[PDB]
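Below is one structure, written out as structure tokens; comments come after it.
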Amino acid sequence: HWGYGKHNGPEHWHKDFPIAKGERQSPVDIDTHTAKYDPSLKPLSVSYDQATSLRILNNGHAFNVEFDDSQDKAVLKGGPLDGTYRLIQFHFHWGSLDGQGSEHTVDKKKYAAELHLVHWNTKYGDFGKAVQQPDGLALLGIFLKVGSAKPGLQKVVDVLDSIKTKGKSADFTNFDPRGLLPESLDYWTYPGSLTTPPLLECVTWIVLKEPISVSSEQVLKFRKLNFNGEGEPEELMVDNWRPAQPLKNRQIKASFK
Ligand SMILES: [Zn+2]
């Protein structure tokens, strides 16, 4: 099956998932000089005050912090979006070294990591139905650079030892994802896709311009995770990022002047 190893990585995905060579694939490089300010874009509305985290799972390609999305609690609205999108999970992509790890790039710059908060459009009733629609998901992307620690990330990093290997999960209640947001909600937006198989073209991307800072110790702990299952030969979970894809017939819009 697909992965990020030497023989099943992103350059191989198209064989099982032909949409990998599609017209609206993600991630992409954000060329800051070509992205146009769009005065018609509204402020993002991130309402996470009532977010209910439940569990954290190592799924063999990342770790997902999962939320209770059976009610309208943690929602993303406004910005380029029409309607309401419910938070279902967040996860990260990171590198083996600080000089790579992010999926989106900014003027070809790679960040050390990238956070994805995944939300589905409530007009489609459930996540499974939403991913079959061009406006089914809204993904909020946030870059991580290495510097000062992010206090709000530490509860995530400290639980990672308990989910080292594929298929392991742990209770993870009462985690507040507001602690992962940067100061500014300025963003770029474009239509794209899931960045892991099945690579469905169902995502409105909202990528924040301001990165958050995390410490070297924090990201080092990400890199102690395993792609493999318990008892199997150790493959460190690093470089679980898909590289930039062709922009094709798309425009990236900026929310800021
Ligand atoms: Zn992702």
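Because the Cβ atoms are built from the backbone with ideal geometry, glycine has one as well, and the counts that use them run over all protein chains shown. Since every read-out is calculated from the coordinates, none of them should be taken as a lab result.
The table below lists the values:
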read-out: For the chain, fraction of C-alpha pairs farther apart than 28 Å, in %; value: 28
read-out: Two-site label geometry, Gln50 and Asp161: point separation in nm, points 7 Å out along Cα→Cβ; value: 3.7
read-out: Prolate/oblate/rounded label for the range 133-257 (Cα gyration tensor, a/c 1.5); value: oblate
read-out: Restricting the range 106-155 to trypsin sites (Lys or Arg not before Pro) in coil, as DSSP defines it, with at most 11 other Cβ within 10 Å; value: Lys108
read-out: Theoretical ellipticity at 222 nm over the chain - DSSP helices of four or more residues, -39500 (n - 2.57) apiece, nearest 500; value: -1500 deg cm²/dmol
